[PDB]
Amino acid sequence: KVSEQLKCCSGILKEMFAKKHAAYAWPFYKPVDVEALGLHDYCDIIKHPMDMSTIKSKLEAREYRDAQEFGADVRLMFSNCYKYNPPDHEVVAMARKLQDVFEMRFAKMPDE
């Protein structure tokens, strides 16, 4: 069950990095560069930053013991975006599209 779940998590993350989703996934590929973007309040608002490259590194290091932990990091990444940005910001629309890609496939997780 666990090995199958982690292959599903790796598949989902590989799809989230695929060129077909790149037009809305790209802001989530790497840690938010607070200095480059001039987001001087980011670290005051977001206590636990998360991004797709960090999630990839954790899967490669076998840090996630099951799908629930992996899913919690993916949702943390989207939640930080929803917390920091105004609700009508273009990046929030991109986050909702990438989260729909993730949730529809994560719902198909092997359950035995």
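Rigid core: the largest C-alpha set superposing within 1.5 Å between the two forms. Quick note: we count residues from 1 along the sequence shown, nothing fancier.
Of the two segments 28-36 and 53-61, the one whose CA positions lie farther from the displayed form in 7 other deposited structures of this protein, once all are superposed on the rigid core, is 28-36. The higher RMS C-alpha distance to the shown form in 7 other deposited structures of this protein, out of 83-91 and 38-46, belongs to 38-46, with every structure fitted on the core. Judged by mean Cα B factor in the deposited record, 63-71 ranks above the other of 63-71 and 76-84. Looking at 85-93 and 14-22 together, the entry lists the larger mean B-factor for 85-93, computed on C-alpha atoms. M50 sits in the lowest third of its chain by CA B factor, as recorded in the PDB entry.
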